[PDB]
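**Q** My file is start.txt. It has compact mmCIF, C-alpha atoms and all ligand atoms:
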# COMPACT_ATOMS: atom_id res chain seq x y z
CA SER F 1 -10.94 -23.18 41.37
CA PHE F 2 -7.69 -21.29 42.19
CA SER F 3 -5.66 -22.87 44.98
CA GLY F 4 -2.52 -22.10 46.99
CA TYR F 5 -2.67 -18.30 46.46
CA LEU F 6 -1.54 -15.80 49.07
CA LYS F 7 -4.18 -13.04 49.52
CA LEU F 8 -2.59 -9.52 49.15
CA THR F 9 -5.78 -7.40 49.24
CA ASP F 10 -9.61 -7.83 49.09
CA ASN F 11 -9.23 -8.63 45.35
CA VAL F 12 -5.59 -9.41 44.54
CA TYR F 13 -4.03 -12.86 45.06
CA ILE F 14 -0.52 -14.12 44.15
CA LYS F 15 1.21 -17.51 43.71
CA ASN F 16 4.67 -18.71 42.55
CA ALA F 17 3.53 -20.59 39.45
CA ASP F 18 3.93 -20.96 35.70
CA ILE F 19 0.87 -19.27 34.21
CA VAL F 20 0.67 -21.97 31.50
CA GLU F 21 0.47 -24.79 34.07
CA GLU F 22 -1.98 -22.75 36.10
CA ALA F 23 -4.19 -22.10 33.05
CA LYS F 24 -4.13 -25.80 32.07
CA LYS F 25 -5.20 -26.85 35.59
CA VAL F 26 -7.85 -24.23 36.36
CA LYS F 27 -9.21 -23.59 32.81
CA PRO F 28 -10.12 -20.00 33.94
CA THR F 29 -12.71 -17.86 32.18
CA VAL F 30 -9.92 -15.38 31.34
CA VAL F 31 -6.16 -15.76 31.08
CA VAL F 32 -4.19 -12.54 30.47
CA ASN F 33 -1.37 -12.53 27.97
CA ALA F 34 1.53 -10.08 28.24
CA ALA F 35 1.19 -9.02 24.63
CA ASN F 36 2.96 -6.59 22.29
CA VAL F 37 0.98 -4.30 19.88
CA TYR F 38 1.56 -6.65 16.94
CA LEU F 39 0.38 -9.79 18.89
CA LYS F 40 3.72 -11.45 17.91
CA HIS F 41 3.98 -14.06 20.72
CA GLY F 42 7.70 -14.78 20.57
CA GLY F 43 8.99 -14.94 24.12
CA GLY F 44 8.16 -14.54 27.79
CA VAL F 45 4.57 -15.18 28.83
CA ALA F 46 3.28 -14.72 25.25
CA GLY F 47 5.68 -17.25 23.71
CA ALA F 48 4.87 -19.78 26.46
CA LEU F 49 1.07 -19.40 26.16
CA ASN F 50 1.26 -19.56 22.36
CA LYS F 51 3.45 -22.69 22.42
CA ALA F 52 0.88 -24.38 24.77
CA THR F 53 -1.79 -23.72 22.14
CA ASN F 54 0.36 -25.41 19.44
CA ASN F 55 0.56 -21.96 17.67
CA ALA F 56 -3.24 -21.65 17.33
CA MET F 57 -3.05 -18.41 19.39
CA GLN F 58 -0.54 -16.90 16.84
CA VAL F 59 -2.67 -17.99 13.82
CA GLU F 60 -5.76 -16.34 15.39
CA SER F 61 -3.71 -13.26 16.35
CA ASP F 62 -2.31 -12.74 12.82
CA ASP F 63 -5.88 -12.80 11.43
CA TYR F 64 -6.92 -10.24 14.10
CA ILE F 65 -4.03 -7.91 13.20
CA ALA F 66 -4.65 -8.24 9.43
CA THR F 67 -8.26 -7.08 10.02
CA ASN F 68 -7.80 -4.52 12.80
CA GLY F 69 -4.22 -3.28 12.80
CA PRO F 70 -1.99 -3.14 15.90
CA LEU F 71 -3.19 -2.52 19.42
CA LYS F 72 -2.25 0.65 21.33
CA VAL F 73 0.35 0.42 24.16
CA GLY F 74 -1.91 0.27 27.25
CA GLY F 75 -4.70 -1.39 25.21
CA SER F 76 -6.14 -4.86 24.89
CA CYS F 77 -8.23 -7.26 22.91
CA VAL F 78 -10.24 -10.32 23.79
CA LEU F 79 -9.50 -13.43 21.74
CA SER F 80 -10.00 -17.24 22.29
CA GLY F 81 -8.33 -18.93 25.23
CA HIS F 82 -7.89 -22.07 23.09
CA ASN F 83 -7.04 -25.16 25.29
CA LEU F 84 -6.02 -22.88 28.21
CA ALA F 85 -9.05 -20.69 29.13
CA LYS F 86 -12.44 -19.62 27.71
CA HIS F 87 -10.84 -16.29 26.59
CA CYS F 88 -7.43 -14.71 26.41
CA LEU F 89 -7.26 -11.00 27.26
CA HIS F 90 -4.18 -9.76 25.33
CA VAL F 91 -2.92 -6.70 27.25
CA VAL F 92 -0.06 -4.48 26.12
CA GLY F 93 1.96 -3.04 28.95
CA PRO F 94 4.70 -0.47 28.11
CA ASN F 95 8.04 -2.01 27.18
CA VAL F 96 10.73 0.07 28.92
CA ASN F 97 13.43 -1.84 26.90
CA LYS F 98 11.83 -0.31 23.73
CA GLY F 99 11.55 3.15 25.47
CA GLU F 100 7.79 3.22 26.18
CA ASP F 101 6.31 5.43 28.92
CA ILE F 102 5.87 3.56 32.25
CA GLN F 103 2.80 5.76 32.98
CA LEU F 104 0.93 3.60 30.47
CA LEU F 105 1.12 0.66 32.96
CA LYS F 106 -1.94 1.95 34.84
CA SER F 107 -3.93 2.14 31.57
CA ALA F 108 -2.85 -1.42 30.80
CA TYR F 109 -4.15 -2.73 34.17
CA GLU F 110 -7.46 -0.86 33.68
CA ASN F 111 -8.32 -3.42 31.00
CA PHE F 112 -8.58 -6.08 33.78
CA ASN F 113 -11.60 -4.23 35.24
CA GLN F 114 -13.78 -5.35 32.33
CA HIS F 115 -13.58 -8.99 33.65
CA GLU F 116 -14.90 -10.26 37.01
CA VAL F 117 -12.05 -12.72 37.55
CA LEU F 118 -8.75 -13.29 35.75
CA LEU F 119 -5.59 -15.36 35.84
CA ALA F 120 -2.71 -12.96 34.98
CA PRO F 121 1.00 -12.27 34.96
CA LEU F 122 2.58 -9.01 36.27
CA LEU F 123 2.44 -6.56 33.35
CA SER F 124 5.63 -4.95 31.93
CA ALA F 125 7.81 -7.19 34.09
CA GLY F 126 10.34 -9.72 32.67
CA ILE F 127 11.57 -8.95 29.18
CA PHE F 128 9.42 -5.75 29.16
CA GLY F 129 12.01 -4.14 31.48
CA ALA F 130 9.87 -2.56 34.24
CA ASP F 131 10.39 -3.01 37.99
CA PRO F 132 8.04 -5.86 39.06
CA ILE F 133 7.63 -4.30 42.54
CA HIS F 134 6.24 -1.17 40.82
CA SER F 135 4.06 -3.36 38.57
CA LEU F 136 2.44 -5.13 41.57
CA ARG F 137 1.83 -1.75 43.25
CA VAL F 138 0.05 -0.45 40.13
CA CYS F 139 -1.96 -3.69 39.84
CA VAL F 140 -3.23 -3.45 43.44
CA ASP F 141 -4.00 0.30 43.09
CA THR F 142 -5.77 -0.11 39.70
CA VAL F 143 -7.53 -3.48 39.40
CA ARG F 144 -10.83 -3.73 41.36
CA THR F 145 -11.93 -7.13 39.94
CA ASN F 146 -10.56 -10.49 41.25
CA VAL F 147 -7.06 -11.06 39.91
CA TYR F 148 -4.96 -14.14 40.49
CA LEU F 149 -1.32 -13.33 39.75
CA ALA F 150 1.03 -16.12 38.71
CA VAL F 151 4.74 -15.18 39.22
CA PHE F 152 6.98 -17.64 37.46
CA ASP F 153 10.26 -16.81 39.20
CA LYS F 154 10.41 -18.10 42.94
CA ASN F 155 13.09 -15.57 43.90
CA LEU F 156 11.02 -12.69 42.47
CA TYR F 157 7.83 -14.07 44.12
CA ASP F 158 9.55 -14.04 47.55
CA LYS F 159 10.87 -10.51 46.96
CA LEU F 160 7.40 -9.30 45.92
CA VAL F 161 5.67 -10.83 48.98
CA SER F 162 8.32 -9.76 51.50
CA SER F 163 8.29 -6.16 50.19
CA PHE F 164 4.48 -5.80 49.73
CA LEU F 165 3.04 -2.66 51.48
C1 LIG J 201 4.09 -16.20 34.68
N1 LIG J 201 4.87 -15.15 34.42
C2 LIG J 201 5.76 -15.32 33.42
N2 LIG J 201 6.57 -14.24 33.13
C3 LIG J 201 6.47 -12.96 33.87
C4 LIG J 201 7.51 -12.07 33.20
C5 LIG J 201 8.49 -13.04 32.54
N3 LIG J 201 9.66 -13.33 33.36
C6 LIG J 201 10.92 -12.89 33.23
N4 LIG J 201 11.67 -13.30 34.22
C7 LIG J 201 10.80 -14.03 34.96
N5 LIG J 201 9.57 -14.09 34.48
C8 LIG J 201 7.63 -14.22 32.13
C9 LIG J 201 5.87 -16.54 32.68
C10 LIG J 201 6.61 -17.10 31.59
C11 LIG J 201 6.13 -18.35 31.39
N6 LIG J 201 5.12 -18.63 32.29
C12 LIG J 201 4.96 -17.53 33.10
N7 LIG J 201 4.08 -17.40 34.10
Can the structure from this file be put into structure tokens for me?
Ligand SMILES: c1nc(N2CC[C@@H](n3cncn3)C2)c2cc[nH]c2n1
**A**
Amino acid sequence: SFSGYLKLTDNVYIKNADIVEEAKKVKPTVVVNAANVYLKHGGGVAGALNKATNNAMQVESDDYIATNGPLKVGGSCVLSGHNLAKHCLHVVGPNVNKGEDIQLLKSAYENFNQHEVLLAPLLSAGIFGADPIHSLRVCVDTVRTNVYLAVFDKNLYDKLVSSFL
């Protein structure tokens, strides 16, 4: 099970960790990917998860897109978790660097409520351009299921914990 997490609320937990290493250790039922609408896993969390699957996540994702078309910003899809988890919940947060509306971040976190427990990154943070402090606030105010947040960057983790409330 999940270990070394700081408890933020009744249902939200956080740890300074690489979500790939966390997924490989815990083998959670669900790992969340910080996806884009095309499921093109090039960088950030998506590029790291995909590389850990030896590109099997991208091969599966290209078949999904060929059949279904792109996701909506704020939407999600459930695909295989490969060697990392039972399932991967690909969630698209708004990318502020591409000009998407930050109000879609709450819709993105609502996808987590369809799963009892999840290992996840902060949505729209990193290369997506949003303020991670805002992202954690939206996560805590939107997700009601048990979410274990892995924050890769130690300096950001400390800033998030010391400013939480
Ligand atoms: C958790 N979060 C991650 N990320 C969050 C936004 C993004 N980033 C940008 N600066 C700091 N981190 C990537 C990653 C990347 C690999 N493994 C991870 N585990």
**Q** Go through F:56, F:65, F:149, F:73 one by one, measure the shortest atom-to-atom distance of each to residue 118 of chain F using only C-alpha atoms, and give the residue with the smallest value.
**A**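 Using only C-alpha atoms, residue 118 of chain F sits closest to F:149.
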**Q** Could you please extract the residues within 6 Å of ligand LIG 201 (chain J), counting only C-alpha atoms and all ligand atoms, and hand them back as a VMD selection string?
**A** chain F and resid 18 to 20 44 to 45 48 121 125 to 127 150 to 153
**Q** With distances taken over only C-alpha atoms, which residue among F:113, F:163, F:33, F:50 lies nearest residue 145 of chain F?
**A**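 For residue 145 of chain F, the nearest of the candidates is F:113.
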**Q** Using all atoms listed in the file, which residue out of F:54, F:36, F:97, F:103 lies closest to residue 70 of chain F?
**A**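 Selected residue with least distance to residue 70 of chain F: F:36.
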**Q** Counting only C-alpha atoms, which of F:66, F:14, F:31, F:130 gets nearest to residue 82 of chain F?
**A** F:31
